[PDB]
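Participant: File name input.cif; file contents mmCIF, C-alpha atoms and all ligand atoms; full text below.
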```
data_entry
loop_
_atom_site.group_PDB
_atom_site.id
_atom_site.type_symbol
_atom_site.label_atom_id
_atom_site.label_comp_id
_atom_site.auth_asym_id
_atom_site.auth_seq_id
_atom_site.Cartn_x
_atom_site.Cartn_y
_atom_site.Cartn_z
ATOM 1 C CA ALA A 3 59.925 -2.512 -50.971
ATOM 2 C CA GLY A 4 58.461 -5.127 -51.558
ATOM 3 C CA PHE A 5 56.392 -7.261 -53.809
ATOM 4 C CA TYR A 6 54.324 -5.829 -56.564
ATOM 5 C CA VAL A 7 52.162 -6.931 -59.466
ATOM 6 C CA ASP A 8 52.285 -5.566 -63.036
ATOM 7 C CA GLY A 9 49.949 -7.291 -65.451
ATOM 8 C CA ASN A 10 50.278 -11.084 -65.120
ATOM 9 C CA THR A 11 53.715 -10.900 -63.428
ATOM 10 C CA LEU A 12 54.571 -10.766 -59.726
ATOM 11 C CA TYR A 13 57.838 -8.879 -59.083
ATOM 12 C CA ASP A 14 60.064 -9.065 -56.026
ATOM 13 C CA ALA A 15 61.282 -5.806 -54.366
ATOM 14 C CA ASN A 16 64.277 -5.643 -56.775
ATOM 15 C CA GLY A 17 61.926 -5.688 -59.798
ATOM 16 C CA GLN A 18 62.733 -9.296 -60.694
ATOM 17 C CA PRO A 19 59.822 -11.560 -61.793
ATOM 18 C CA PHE A 20 59.075 -14.079 -59.057
ATOM 19 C CA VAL A 21 57.528 -17.371 -60.034
ATOM 20 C CA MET A 22 56.366 -19.244 -56.939
ATOM 21 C CA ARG A 23 57.572 -22.864 -56.756
ATOM 22 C CA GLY A 24 56.767 -24.249 -53.368
ATOM 23 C CA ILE A 25 54.799 -26.135 -50.776
ATOM 24 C CA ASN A 26 51.779 -25.726 -48.474
ATOM 25 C CA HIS A 27 52.437 -26.474 -44.791
ATOM 26 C CA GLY A 28 49.395 -27.129 -42.546
ATOM 27 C CA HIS A 29 50.864 -25.120 -39.658
ATOM 28 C CA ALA A 30 47.499 -24.375 -37.965
ATOM 29 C CA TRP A 31 47.016 -28.133 -37.250
ATOM 30 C CA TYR A 32 50.613 -28.867 -36.225
ATOM 31 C CA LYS A 33 51.747 -25.602 -34.670
ATOM 32 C CA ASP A 34 54.790 -27.046 -32.841
ATOM 33 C CA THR A 35 56.358 -28.318 -36.112
ATOM 34 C CA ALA A 36 57.260 -24.872 -37.566
ATOM 35 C CA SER A 37 60.973 -24.868 -36.691
ATOM 36 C CA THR A 38 61.252 -28.354 -38.259
ATOM 37 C CA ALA A 39 58.901 -28.216 -41.280
ATOM 38 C CA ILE A 40 59.985 -24.763 -42.433
ATOM 39 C CA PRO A 41 63.712 -25.541 -42.895
ATOM 40 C CA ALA A 42 62.838 -29.025 -44.267
ATOM 41 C CA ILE A 43 60.620 -27.465 -46.939
ATOM 42 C CA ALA A 44 63.413 -24.998 -47.792
ATOM 43 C CA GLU A 45 65.846 -27.962 -48.094
ATOM 44 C CA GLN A 46 63.676 -29.325 -50.940
ATOM 45 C CA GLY A 47 64.317 -26.182 -53.000
ATOM 46 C CA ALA A 48 60.977 -24.442 -52.380
ATOM 47 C CA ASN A 49 61.200 -20.667 -52.944
ATOM 48 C CA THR A 50 57.845 -20.094 -51.220
ATOM 49 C CA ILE A 51 55.945 -21.733 -48.370
ATOM 50 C CA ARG A 52 52.195 -21.256 -47.943
ATOM 51 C CA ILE A 53 51.480 -21.237 -44.207
ATOM 52 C CA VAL A 54 48.055 -22.357 -43.032
ATOM 53 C CA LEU A 55 46.920 -20.032 -40.159
ATOM 54 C CA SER A 56 43.729 -20.137 -38.098
ATOM 55 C CA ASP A 57 41.797 -17.152 -36.804
ATOM 56 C CA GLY A 58 40.189 -19.399 -34.132
ATOM 57 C CA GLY A 59 37.126 -20.170 -36.308
ATOM 58 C CA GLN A 60 37.536 -23.924 -36.869
ATOM 59 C CA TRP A 61 40.890 -24.648 -35.137
ATOM 60 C CA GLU A 62 43.090 -23.102 -32.430
ATOM 61 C CA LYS A 63 43.916 -19.463 -33.232
ATOM 62 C CA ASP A 64 47.474 -18.602 -34.256
ATOM 63 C CA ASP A 65 48.504 -15.707 -32.092
ATOM 64 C CA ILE A 66 50.742 -12.808 -32.958
ATOM 65 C CA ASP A 67 53.919 -14.394 -31.471
ATOM 66 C CA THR A 68 53.314 -17.553 -33.535
ATOM 67 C CA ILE A 69 52.918 -15.467 -36.704
ATOM 68 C CA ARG A 70 56.236 -13.616 -35.941
ATOM 69 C CA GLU A 71 57.933 -16.992 -35.348
ATOM 70 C CA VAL A 72 56.872 -18.604 -38.637
ATOM 71 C CA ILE A 73 57.703 -15.457 -40.652
ATOM 72 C CA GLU A 74 61.153 -15.347 -39.090
ATOM 73 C CA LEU A 75 61.701 -19.074 -39.846
ATOM 74 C CA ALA A 76 60.641 -18.511 -43.498
ATOM 75 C CA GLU A 77 62.980 -15.498 -43.867
ATOM 76 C CA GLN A 78 65.916 -17.257 -42.213
ATOM 77 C CA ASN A 79 65.384 -20.154 -44.671
ATOM 78 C CA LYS A 80 65.157 -17.797 -47.688
ATOM 79 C CA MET A 81 61.567 -18.569 -48.571
ATOM 80 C CA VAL A 82 58.744 -16.155 -49.366
ATOM 81 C CA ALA A 83 55.889 -16.725 -46.890
ATOM 82 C CA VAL A 84 52.369 -16.770 -48.236
ATOM 83 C CA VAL A 85 50.336 -16.502 -45.071
ATOM 84 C CA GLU A 86 46.644 -17.430 -45.232
ATOM 85 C CA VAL A 87 43.631 -17.729 -42.884
ATOM 86 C CA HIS A 88 41.902 -21.102 -43.451
ATOM 87 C CA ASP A 89 38.748 -20.859 -41.281
ATOM 88 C CA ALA A 90 36.357 -19.424 -43.913
ATOM 89 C CA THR A 91 37.057 -22.274 -46.369
ATOM 90 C CA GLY A 92 33.922 -22.895 -48.465
ATOM 91 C CA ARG A 93 31.859 -20.281 -46.628
ATOM 92 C CA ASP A 94 29.649 -17.818 -48.494
ATOM 93 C CA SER A 95 29.212 -15.856 -45.220
ATOM 94 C CA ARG A 96 30.607 -12.286 -45.321
ATOM 95 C CA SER A 97 30.872 -12.595 -41.551
ATOM 96 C CA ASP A 98 33.414 -15.424 -41.922
ATOM 97 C CA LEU A 99 35.403 -13.312 -44.453
ATOM 98 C CA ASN A 100 35.273 -10.337 -42.077
ATOM 99 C CA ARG A 101 36.728 -12.432 -39.211
ATOM 100 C CA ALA A 102 39.741 -13.258 -41.505
ATOM 101 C CA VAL A 103 40.125 -9.531 -42.433
ATOM 102 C CA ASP A 104 39.901 -8.517 -38.772
ATOM 103 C CA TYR A 105 42.594 -11.119 -37.966
ATOM 104 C CA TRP A 106 45.055 -9.603 -40.488
ATOM 105 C CA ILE A 107 44.367 -6.147 -39.070
ATOM 106 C CA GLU A 108 44.798 -7.475 -35.526
ATOM 107 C CA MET A 109 48.120 -9.082 -36.486
ATOM 108 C CA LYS A 110 49.320 -6.108 -38.573
ATOM 109 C CA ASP A 111 52.395 -5.448 -36.441
ATOM 110 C CA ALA A 112 53.758 -8.887 -37.364
ATOM 111 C CA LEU A 113 53.269 -8.094 -41.067
ATOM 112 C CA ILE A 114 54.150 -4.414 -41.538
ATOM 113 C CA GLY A 115 57.802 -4.158 -42.507
ATOM 114 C CA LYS A 116 57.845 -7.611 -44.160
ATOM 115 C CA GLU A 117 56.312 -6.558 -47.497
ATOM 116 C CA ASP A 118 59.434 -7.823 -49.383
ATOM 117 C CA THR A 119 59.185 -11.356 -47.945
ATOM 118 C CA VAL A 120 55.488 -11.967 -47.039
ATOM 119 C CA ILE A 121 52.365 -12.133 -49.235
ATOM 120 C CA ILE A 122 48.913 -12.097 -47.621
ATOM 121 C CA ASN A 123 46.402 -14.612 -48.988
ATOM 122 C CA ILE A 124 43.260 -13.076 -47.516
ATOM 123 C CA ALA A 125 41.190 -16.217 -46.920
ATOM 124 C CA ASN A 126 41.616 -19.775 -48.103
ATOM 125 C CA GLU A 127 38.695 -20.674 -50.397
ATOM 126 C CA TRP A 128 36.275 -18.029 -49.179
ATOM 127 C CA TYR A 129 32.939 -18.248 -51.101
ATOM 128 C CA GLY A 130 32.000 -21.846 -51.675
ATOM 129 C CA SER A 131 29.215 -21.213 -54.167
ATOM 130 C CA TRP A 132 29.625 -21.377 -57.928
ATOM 131 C CA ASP A 133 29.360 -17.735 -58.871
ATOM 132 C CA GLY A 134 31.491 -14.654 -59.217
ATOM 133 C CA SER A 135 29.569 -11.515 -58.427
ATOM 134 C CA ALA A 136 29.004 -12.092 -54.666
ATOM 135 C CA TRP A 137 32.619 -13.356 -54.366
ATOM 136 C CA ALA A 138 33.832 -10.104 -56.006
ATOM 137 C CA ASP A 139 31.605 -8.010 -53.671
ATOM 138 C CA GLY A 140 33.383 -9.451 -50.625
ATOM 139 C CA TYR A 141 36.881 -8.485 -51.807
ATOM 140 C CA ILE A 142 35.805 -5.119 -53.192
ATOM 141 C CA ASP A 143 34.552 -4.363 -49.698
ATOM 142 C CA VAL A 144 37.430 -5.638 -47.580
ATOM 143 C CA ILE A 145 40.552 -4.896 -49.609
ATOM 144 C CA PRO A 146 40.416 -1.119 -48.912
ATOM 145 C CA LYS A 147 40.075 -1.897 -45.158
ATOM 146 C CA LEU A 148 43.330 -3.905 -45.256
ATOM 147 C CA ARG A 149 45.045 -1.022 -47.060
ATOM 148 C CA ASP A 150 43.724 1.685 -44.655
ATOM 149 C CA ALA A 151 44.946 -0.393 -41.702
ATOM 150 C CA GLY A 152 48.405 0.023 -43.265
ATOM 151 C CA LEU A 153 49.024 -3.327 -45.015
ATOM 152 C CA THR A 154 50.827 -2.667 -48.330
ATOM 153 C CA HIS A 155 51.769 -6.295 -49.143
ATOM 154 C CA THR A 156 50.794 -7.964 -52.347
ATOM 155 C CA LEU A 157 47.408 -9.556 -51.555
ATOM 156 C CA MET A 158 46.385 -12.962 -52.890
ATOM 157 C CA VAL A 159 42.705 -13.777 -53.555
ATOM 158 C CA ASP A 160 41.454 -17.357 -53.983
ATOM 159 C CA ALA A 161 38.895 -18.205 -56.714
ATOM 160 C CA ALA A 162 35.292 -18.910 -55.654
ATOM 161 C CA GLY A 163 33.949 -22.503 -55.624
ATOM 162 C CA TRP A 164 36.372 -23.646 -52.938
ATOM 163 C CA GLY A 165 39.196 -22.405 -55.212
ATOM 164 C CA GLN A 166 37.881 -24.552 -58.087
ATOM 165 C CA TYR A 167 35.638 -21.991 -59.858
ATOM 166 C CA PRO A 168 38.261 -19.946 -61.693
ATOM 167 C CA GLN A 169 35.592 -18.376 -63.951
ATOM 168 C CA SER A 170 35.039 -16.093 -60.922
ATOM 169 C CA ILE A 171 38.474 -14.565 -61.551
ATOM 170 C CA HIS A 172 38.036 -14.574 -65.371
ATOM 171 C CA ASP A 173 34.770 -12.624 -64.998
ATOM 172 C CA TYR A 174 35.335 -10.361 -61.928
ATOM 173 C CA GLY A 175 39.065 -10.435 -61.160
ATOM 174 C CA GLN A 176 39.619 -7.077 -62.834
ATOM 175 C CA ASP A 177 36.814 -5.581 -60.704
ATOM 176 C CA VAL A 178 38.506 -6.947 -57.559
ATOM 177 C CA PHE A 179 41.908 -5.710 -58.687
ATOM 178 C CA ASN A 180 40.488 -2.246 -59.422
ATOM 179 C CA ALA A 181 39.103 -1.985 -55.883
ATOM 180 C CA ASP A 182 42.610 -2.305 -54.476
ATOM 181 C CA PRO A 183 43.768 1.312 -54.064
ATOM 182 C CA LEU A 184 47.314 -0.003 -54.293
ATOM 183 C CA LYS A 185 46.694 -2.050 -57.486
ATOM 184 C CA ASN A 186 48.687 -4.904 -55.914
ATOM 185 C CA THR A 187 46.468 -7.985 -55.849
ATOM 186 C CA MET A 188 47.048 -11.417 -57.468
ATOM 187 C CA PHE A 189 44.805 -14.498 -57.703
ATOM 188 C CA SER A 190 44.960 -18.184 -56.856
ATOM 189 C CA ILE A 191 43.282 -21.310 -58.175
ATOM 190 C CA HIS A 192 43.215 -24.591 -56.257
ATOM 191 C CA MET A 193 43.539 -27.359 -58.802
ATOM 192 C CA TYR A 194 42.036 -30.649 -57.674
ATOM 193 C CA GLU A 195 39.545 -32.724 -59.655
ATOM 194 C CA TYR A 196 37.292 -29.859 -60.770
ATOM 195 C CA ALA A 197 39.814 -27.208 -61.801
ATOM 196 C CA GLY A 198 42.774 -29.412 -62.744
ATOM 197 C CA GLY A 199 41.345 -32.767 -63.864
ATOM 198 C CA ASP A 200 42.908 -32.862 -67.345
ATOM 199 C CA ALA A 201 45.427 -31.064 -69.536
ATOM 200 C CA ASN A 202 42.874 -28.985 -71.430
ATOM 201 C CA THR A 203 41.244 -27.895 -68.150
ATOM 202 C CA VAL A 204 44.569 -26.959 -66.511
ATOM 203 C CA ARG A 205 45.621 -24.852 -69.519
ATOM 204 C CA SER A 206 42.239 -23.132 -70.062
ATOM 205 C CA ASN A 207 41.951 -22.295 -66.361
ATOM 206 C CA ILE A 208 45.383 -20.731 -66.331
ATOM 207 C CA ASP A 209 44.864 -18.856 -69.607
ATOM 208 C CA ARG A 210 41.530 -17.371 -68.511
ATOM 209 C CA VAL A 211 43.350 -15.541 -65.701
ATOM 210 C CA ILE A 212 46.744 -14.625 -67.157
ATOM 211 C CA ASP A 213 45.409 -13.543 -70.570
ATOM 212 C CA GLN A 214 43.418 -10.930 -68.623
ATOM 213 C CA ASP A 215 46.822 -9.564 -67.468
ATOM 214 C CA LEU A 216 46.118 -10.689 -63.907
ATOM 215 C CA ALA A 217 48.839 -12.470 -61.866
ATOM 216 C CA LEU A 218 48.220 -16.100 -60.831
ATOM 217 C CA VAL A 219 49.388 -18.864 -58.588
ATOM 218 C CA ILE A 220 48.062 -22.407 -58.417
ATOM 219 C CA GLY A 221 48.053 -22.010 -54.617
ATOM 220 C CA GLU A 222 47.088 -25.647 -53.963
ATOM 221 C CA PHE A 223 47.006 -28.717 -56.199
ATOM 222 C CA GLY A 224 47.026 -32.490 -55.932
ATOM 223 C CA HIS A 225 47.789 -35.489 -58.147
ATOM 224 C CA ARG A 226 46.105 -38.405 -59.855
ATOM 225 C CA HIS A 227 45.115 -41.192 -57.471
ATOM 226 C CA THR A 228 42.714 -44.195 -57.532
ATOM 227 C CA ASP A 229 39.641 -42.202 -56.707
ATOM 228 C CA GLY A 230 40.401 -39.303 -59.053
ATOM 229 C CA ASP A 231 42.176 -37.426 -61.782
ATOM 230 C CA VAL A 232 44.309 -34.341 -61.271
ATOM 231 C CA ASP A 233 46.886 -33.618 -63.962
ATOM 232 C CA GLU A 234 50.003 -32.656 -61.974
ATOM 233 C CA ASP A 235 52.243 -33.075 -65.015
ATOM 234 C CA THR A 236 50.399 -30.364 -66.980
ATOM 235 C CA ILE A 237 50.126 -28.082 -63.949
ATOM 236 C CA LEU A 238 53.966 -28.228 -63.653
ATOM 237 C CA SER A 239 54.835 -28.095 -67.370
ATOM 238 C CA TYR A 240 52.309 -25.387 -68.309
ATOM 239 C CA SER A 241 53.149 -23.326 -65.231
ATOM 240 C CA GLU A 242 56.775 -23.394 -66.338
ATOM 241 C CA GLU A 243 55.783 -22.412 -69.909
ATOM 242 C CA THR A 244 53.695 -19.443 -68.720
ATOM 243 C CA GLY A 245 55.591 -18.248 -65.614
ATOM 244 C CA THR A 246 52.632 -19.150 -63.424
ATOM 245 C CA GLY A 247 53.348 -19.916 -59.753
ATOM 246 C CA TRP A 248 52.377 -23.124 -57.951
ATOM 247 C CA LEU A 249 52.370 -24.463 -54.390
ATOM 248 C CA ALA A 250 51.825 -28.196 -53.922
ATOM 249 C CA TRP A 251 49.455 -29.602 -51.243
ATOM 250 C CA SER A 252 50.969 -30.429 -48.757
ATOM 251 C CA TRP A 253 54.164 -31.126 -46.770
ATOM 252 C CA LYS A 254 52.710 -33.510 -44.152
ATOM 253 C CA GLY A 255 49.734 -34.151 -41.901
ATOM 254 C CA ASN A 256 46.746 -34.812 -44.190
ATOM 255 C CA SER A 257 43.846 -36.812 -42.728
ATOM 256 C CA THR A 258 44.073 -40.549 -43.257
ATOM 257 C CA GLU A 259 41.984 -40.680 -46.419
ATOM 258 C CA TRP A 260 43.910 -37.848 -48.050
ATOM 259 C CA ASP A 261 47.365 -38.845 -46.900
ATOM 260 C CA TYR A 262 48.307 -39.666 -50.552
ATOM 261 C CA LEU A 263 48.846 -35.854 -50.606
ATOM 262 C CA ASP A 264 51.614 -35.842 -47.943
ATOM 263 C CA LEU A 265 54.878 -34.853 -49.614
ATOM 264 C CA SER A 266 57.026 -36.235 -46.792
ATOM 265 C CA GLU A 267 56.814 -39.200 -44.394
ATOM 266 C CA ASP A 268 58.499 -37.165 -41.688
ATOM 267 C CA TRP A 269 58.308 -33.508 -40.577
ATOM 268 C CA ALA A 270 62.085 -33.186 -41.093
ATOM 269 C CA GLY A 271 61.840 -34.219 -44.819
ATOM 270 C CA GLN A 272 64.360 -37.053 -44.662
ATOM 271 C CA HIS A 273 61.959 -39.492 -46.359
ATOM 272 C CA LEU A 274 59.920 -38.047 -49.221
ATOM 273 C CA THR A 275 56.882 -39.920 -50.471
ATOM 274 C CA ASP A 276 56.300 -40.773 -54.169
ATOM 275 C CA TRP A 277 54.338 -37.493 -54.339
ATOM 276 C CA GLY A 278 57.192 -35.620 -52.619
ATOM 277 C CA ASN A 279 59.718 -37.035 -55.075
ATOM 278 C CA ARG A 280 57.493 -36.055 -58.028
ATOM 279 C CA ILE A 281 57.286 -32.426 -56.779
ATOM 280 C CA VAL A 282 60.915 -32.094 -55.681
ATOM 281 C CA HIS A 283 62.877 -34.188 -58.180
ATOM 282 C CA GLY A 284 60.487 -34.804 -61.090
ATOM 283 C CA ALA A 285 60.026 -33.022 -64.429
ATOM 284 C CA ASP A 286 59.514 -29.256 -63.993
ATOM 285 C CA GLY A 287 59.670 -29.749 -60.198
ATOM 286 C CA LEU A 288 61.407 -27.697 -57.518
ATOM 287 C CA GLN A 289 64.949 -28.796 -58.206
ATOM 288 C CA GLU A 290 64.520 -28.077 -61.937
ATOM 289 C CA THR A 291 62.631 -24.792 -61.775
ATOM 290 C CA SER A 292 62.582 -23.067 -58.380
ATOM 291 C CA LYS A 293 64.619 -19.823 -58.132
ATOM 292 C CA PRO A 294 64.900 -17.871 -54.856
ATOM 293 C CA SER A 295 63.515 -14.365 -54.503
ATOM 294 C CA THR A 296 66.458 -11.972 -55.097
ATOM 295 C CA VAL A 297 65.604 -10.222 -51.801
ATOM 296 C CA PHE A 298 67.352 -13.090 -50.027
ATOM 297 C CA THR A 299 70.777 -12.247 -51.392
ATOM 298 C CA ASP A 300 71.898 -8.791 -50.310
ATOM 299 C CA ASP A 301 74.337 -8.058 -53.107
ATOM 300 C CA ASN A 302 72.629 -5.010 -54.623
ATOM 301 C CA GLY A 303 72.189 -6.733 -58.004
ATOM 302 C CA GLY A 304 75.896 -6.919 -58.895
ATOM 303 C CA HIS A 305 76.708 -3.175 -58.265
ATOM 304 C CA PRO A 306 80.523 -2.867 -58.244
ATOM 305 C CA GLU A 307 81.637 -1.541 -54.851
ATOM 306 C CA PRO A 308 84.126 1.407 -55.001
ATOM 307 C CA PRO A 309 87.851 0.628 -54.458
ATOM 308 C CA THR A 310 89.390 1.465 -51.038
HETATM 309 NA NA NA B 1 88.034 5.612 -50.523
#
```
Please render this file's structure as structure tokens.

Facilitator:
Amino acid sequence: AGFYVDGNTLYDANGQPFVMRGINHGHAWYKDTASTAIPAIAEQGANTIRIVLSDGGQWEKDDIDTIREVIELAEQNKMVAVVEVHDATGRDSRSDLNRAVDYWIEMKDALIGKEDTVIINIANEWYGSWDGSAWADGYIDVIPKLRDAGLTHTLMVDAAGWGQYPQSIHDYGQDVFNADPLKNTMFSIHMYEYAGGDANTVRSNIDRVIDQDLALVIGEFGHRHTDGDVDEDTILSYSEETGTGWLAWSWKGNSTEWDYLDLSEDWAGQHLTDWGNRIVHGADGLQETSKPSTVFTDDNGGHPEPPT
């Protein structure tokens, strides 16, 4: 137990398809907020929270006791935790990837035993360049190291191109998957203006992964704003049509010029923004479509208990 991937479907530990419907939380930048943000996100109906961690590369490192704390908060609030290291974002450097891999191995004791509730997203947006082969080489190399260190979680691998070059997955995703000796790896696309700018683009980018029988989440995405087009309506409707997961960016704490992407005015989620209301209450949003992982209800799938 726990998560596993078969074709384009992610299954929870009870064999039930699990379609992520949730929210990114920039924990690494606002470490003290966990015990507030995590329940608030759960209160919006998210079944999954993606937790931004730092290995010390660009921000303050999240230590092993912090990792245990956020996992426990996610579990207590009945959300799947997608944990991710954010410091190699946009880096081609294998060294920067290796620091993220070493971090997961370092923190393994916080992760082993939580394979039914935690999914490891190896590195946010590793490999900034617009190609697939060198991106694939990185994961082919490091995935076996994660396995041999004893991590049996479903692994999640971001597309190249800062998450916006999904052709990387279309072309080399199978090669990456095949290098996992546990055959338990899924992929993620980040849909902003390059990978999610219109309906056609959203649908083609999804199809090019899932039609390869590879499992997918839209692990970050935004929305249309003055500066730019992102088609959040098609991300939500087409994800619901296809059983593709998605995780909106982000609960709170964007820089000033990107604060149109904050879902909530407050850490405690009492005052959603227009964007928050679209994600939570709007068409195909969390309230309409999010179902909890069945691991969080311990009823043994309706088994009748013997009479006493
Ligand atoms: Na009895």

Participant: Can you list what the PyMOL selection byres (((chain A and resi 114) around 12) and not hetatm) grabs from this structure, as a PyMOL selection string?

Facilitator: chain A and resi 3-4+70+73+106-113+115-122+148-149+151-156

Participant: For residue 269 in chain A, find every residue with an atom within 8 Å (counting only C-alpha atoms), except residues of its own chain fewer than 3 positions away, and show them as a PyMOL selection string.

Facilitator: chain A and resi 35+38-39+42+253-254+266

Participant: Keeping C-alpha atoms, export the residues of the selection given above as a short mmCIF file (atom, residue, chain, number, x, y, z; two decimals), in the frame of the given file.

Facilitator:
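For reference, part_14.cif as written:
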```cif
data_model
loop_
_atom_site.label_atom_id
_atom_site.label_comp_id
_atom_site.auth_asym_id
_atom_site.auth_seq_id
_atom_site.Cartn_x
_atom_site.Cartn_y
_atom_site.Cartn_z
CA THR A 35 56.36 -28.32 -36.11
CA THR A 38 61.25 -28.35 -38.26
CA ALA A 39 58.90 -28.22 -41.28
CA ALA A 42 62.84 -29.02 -44.27
CA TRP A 253 54.16 -31.13 -46.77
CA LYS A 254 52.71 -33.51 -44.15
CA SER A 266 57.03 -36.24 -46.79
#
```

Participant: Determine, counting all atoms listed in the file, which protein, DNA and RNA residues have an atom within 8 Å of an atom of range 220-232 of chain A; residues of the same chain fewer than 2 positions away are not included. Present the result as a list in words.

Facilitator: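 Here the qualifying residues turn out to be residues 26, 52, 190, 191, 192, 193, 194, 195, 198, 199, 200, 218, 234, 246, 247, 248, 249, 250, 251, 262, 263 and 277 of chain A.
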
Participant: To test your reading of the syntax: which residues would the PyMOL selection byres (((chain A and resi 93) around 9) and not hetatm) return for the file shown? Reply as a list in words.

Facilitator: residues 89, 90, 91, 92, 94, 95, 96, 98, 99, 127, 128, 129, 130, 131 and 164 of chain A

Participant: Please, which residues have at least one atom within 8 Å of an atom of ligand NA 1 (chain B), using only C-alpha atoms and all ligand atoms, listed as a VMD selection string?

Facilitator: chain A and resid 308 to 310

Participant: Okay, now the selection with C-alpha atoms, as an mmCIF file, in the coordinates of the input?

Facilitator:
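Once written, result-v7.cif looks like this:
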```cif
data_model
loop_
_atom_site.group_PDB
_atom_site.id
_atom_site.type_symbol
_atom_site.label_atom_id
_atom_site.label_comp_id
_atom_site.auth_asym_id
_atom_site.auth_seq_id
_atom_site.Cartn_x
_atom_site.Cartn_y
_atom_site.Cartn_z
ATOM 1 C CA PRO A 308 84.126 1.407 -55.001
ATOM 2 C CA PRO A 309 87.851 0.628 -54.458
ATOM 3 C CA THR A 310 89.390 1.465 -51.038
#
```

Participant: Applying 12 Å and only C-alpha atoms, which residues near residue 31 in chain A remain after dropping the ones on its own chain fewer than 6 positions away? List them as a ChimeraX atom specification.

Facilitator: /A:53-56,58,60-64,88-89,254-257

Participant: Evaluate the PyMOL selection byres (((chain A and resi 48) around 8) and not hetatm) on the structure here and hand back the selected residues as a ChimeraX atom specification.

Facilitator: /A:23-25,43-47,49-51,81,288,292

Participant: For C-alpha atoms, I'd like the residues from the last selection saved as a compact mmCIF listing (two decimals), in the frame of the given file.

Facilitator:
```txt
# COMPACT_ATOMS: atom_id res chain seq x y z
CA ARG A 23 57.57 -22.86 -56.76
CA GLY A 24 56.77 -24.25 -53.37
CA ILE A 25 54.80 -26.14 -50.78
CA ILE A 43 60.62 -27.46 -46.94
CA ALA A 44 63.41 -25.00 -47.79
CA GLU A 45 65.85 -27.96 -48.09
CA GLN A 46 63.68 -29.32 -50.94
CA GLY A 47 64.32 -26.18 -53.00
CA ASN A 49 61.20 -20.67 -52.94
CA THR A 50 57.84 -20.09 -51.22
CA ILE A 51 55.94 -21.73 -48.37
CA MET A 81 61.57 -18.57 -48.57
CA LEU A 288 61.41 -27.70 -57.52
CA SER A 292 62.58 -23.07 -58.38
```

Participant: What are the centre and edge lengths in Å, to one decimal, of the axis-aligned box around all listed atoms of range 179-197 of chain A with 6 Å added on each side, as AutoDock Vina command-line options?

Facilitator:
```
--center_x 43.0 --center_y -15.7 --center_z -57.9 --size_x 23.4 --size_y 46.0 --size_z 19.7
```

Participant: Given the choices A:13, A:132, A:240, A:298, which gets closest to residue 77 in chain A if the distance is worked out from all atoms listed in the file?

Facilitator: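 Ranking A:13, A:132, A:240, A:298 by distance to residue 77 in chain A, first place goes to A:298.
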
Participant: Return the single residue from A:101, A:252, A:241, A:11 that is closest to residue 287 in chain A, with distances computed using only C-alpha atoms.

Facilitator: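 That would be A:241, the residue with the smallest distance to residue 287 in chain A.
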
Participant: Just give me the gap between CA of residue 265 in chain A and CA of residue 71 in chain A in Å, one decimal is fine.

Facilitator: 23.1 Å

Participant: Looking at only C-alpha atoms, which of A:146, A:278, A:303, A:41 is the one that sits closest to residue 18 in chain A?

Facilitator: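 The shortest atom-to-atom distance to residue 18 in chain A comes from A:303.
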
Participant: For a test of reading the model, state the distance in Å between CA of residue 145 in chain A and CA of residue 188 in chain A, rounded to one decimal.

Facilitator: 12.1 Å

Participant: So how far away is CA of residue 178 in chain A from CA of residue 97 in chain A, in Å?

Facilitator: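 Calculated distance between CA of residue 97 in chain A and CA of residue 178 in chain A is 18.6 Å.
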
Participant: Please determine, counting all atoms listed in the file, which residue among A:147, A:168, A:300, A:102 has the shortest atom-to-atom distance to residue 134 in chain A.

Facilitator: A:168

Participant: Go through A:169, A:293, A:159, A:184 one by one, measure the shortest atom-to-atom distance of each to residue 206 in chain A using all atoms listed in the file, and give the residue with the smallest value.

Facilitator: A:169

Participant: Choose the residue, out of A:82, A:69, A:138, A:157, that has the smallest atom-to-atom separation from residue 103 in chain A; count all atoms listed in the file.

Facilitator: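 Nearest candidate to residue 103 in chain A out of A:82, A:69, A:138, A:157: A:157.
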
Participant: For residue 9 in chain A, work out the shell of residues within 7 Å, counting all atoms listed in the file and skipping chain neighbours fewer than 2 positions away, then give it as a short mmCIF file (atom, residue, chain, number, x, y, z; two decimals) with C-alpha atoms, keeping the file's coordinate frame.

Facilitator:
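Below is the file that was written, out13.cif:
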```cif
data_model
loop_
_atom_site.label_atom_id
_atom_site.label_comp_id
_atom_site.auth_asym_id
_atom_site.auth_seq_id
_atom_site.Cartn_x
_atom_site.Cartn_y
_atom_site.Cartn_z
CA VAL A 7 52.16 -6.93 -59.47
CA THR A 11 53.72 -10.90 -63.43
CA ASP A 215 46.82 -9.56 -67.47
CA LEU A 216 46.12 -10.69 -63.91
CA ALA A 217 48.84 -12.47 -61.87
#
```

Participant: Can you complete the atoms of range 220-224 of chain A to N, CA and C atoms and list them as a JSON list (two decimals), keeping the file's coordinate frame?

Facilitator:
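See selection-v8.json below for the written result:
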```
[["chain", "number", "residue", "atom", "x", "y", "z"],
["A", 220, "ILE", "N", 48.84, -21.23, -58.75],
["A", 220, "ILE", "CA", 48.06, -22.41, -58.42],
["A", 220, "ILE", "C", 48.42, -22.68, -56.94],
["A", 221, "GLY", "N", 47.67, -22.04, -56.04],
["A", 221, "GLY", "CA", 48.05, -22.01, -54.62],
["A", 221, "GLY", "C", 47.88, -23.30, -53.84],
["A", 222, "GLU", "N", 47.08, -24.23, -54.38],
["A", 222, "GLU", "CA", 47.09, -25.65, -53.96],
["A", 222, "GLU", "C", 46.86, -26.51, -55.17],
["A", 223, "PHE", "N", 47.43, -27.72, -55.19],
["A", 223, "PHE", "CA", 47.01, -28.72, -56.20],
["A", 223, "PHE", "C", 47.40, -30.10, -55.74],
["A", 224, "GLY", "N", 46.73, -31.10, -56.29],
["A", 224, "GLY", "CA", 47.03, -32.49, -55.93],
["A", 224, "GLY", "C", 47.57, -33.29, -57.11]]
```
